[PDB]
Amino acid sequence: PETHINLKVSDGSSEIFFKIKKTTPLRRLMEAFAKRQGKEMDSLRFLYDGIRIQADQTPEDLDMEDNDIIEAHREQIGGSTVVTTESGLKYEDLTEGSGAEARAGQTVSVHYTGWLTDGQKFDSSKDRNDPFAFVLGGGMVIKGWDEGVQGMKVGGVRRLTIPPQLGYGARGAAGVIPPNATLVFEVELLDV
């Protein structure tokens, strides 16, 4: 407790905790975060109390205390935009796609991860090495997906925050999704 510190890293979807010595440069935490997430260090920007962290700075330098939060930002440089549509769906483009645009009628191919609002992962197509294909705009998937995947471009990564009436509602999903749950997905569009 004297020499080490526990810190929370949030990326807006989930959280991972790290314990490092107070004299250890944050590089070690940043690298551990990047490796666990399968991301390049150079793709990530870290903030503490709104100030950009540099990798050679220590918790001691920044007067950090146990359970302080570091934000990890993977989204495009220049300032994020969370869009709320008329349905109450929210979406945020973490990566802007460069390819073909997804439109209703297409059988599109994606990877996804889904979390509850407390950051617990409930599913991932990547964890089973299994891209997911569906008829976009067909009513075959939950409403937040039909609405939210429309307009993505191939290469894009979009975060959907789906209120339960656009998800599984009061029923939930057996074994997996509670009644009245808000769902967070990161969807990566692979093909249309």
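The numbering used is simple: start at 1 and walk along the sequence shown.
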According to the deposited model, is the average Cα temperature factor higher in 31-39 or in 127-135? 127-135
Can you tell me which stretch has the higher mean Cα B-factor, 82-90 or 104-112? 104-112
Which of these has the highest Cα B-factor in the record: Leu26, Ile70, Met140, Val149? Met140
Out of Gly144, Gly155, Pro164, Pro59, which residue has the highest Cα temperature factor in the PDB record? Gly155
Going by the entry, which third of its chain does the Cα temperature factor of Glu2 land in? highest
Among the modelled residues of this chain, does the Cα B factor of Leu190 put it in the lowest, middle or highest third? highest
Which third, lowest, middle or highest, does the CA B-factor of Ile53 fall in along this chain? middle
Would you mind checking where the Cα B-factor of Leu160 ranks among the modelled residues of its chain, as the lowest, middle or highest third? lowest
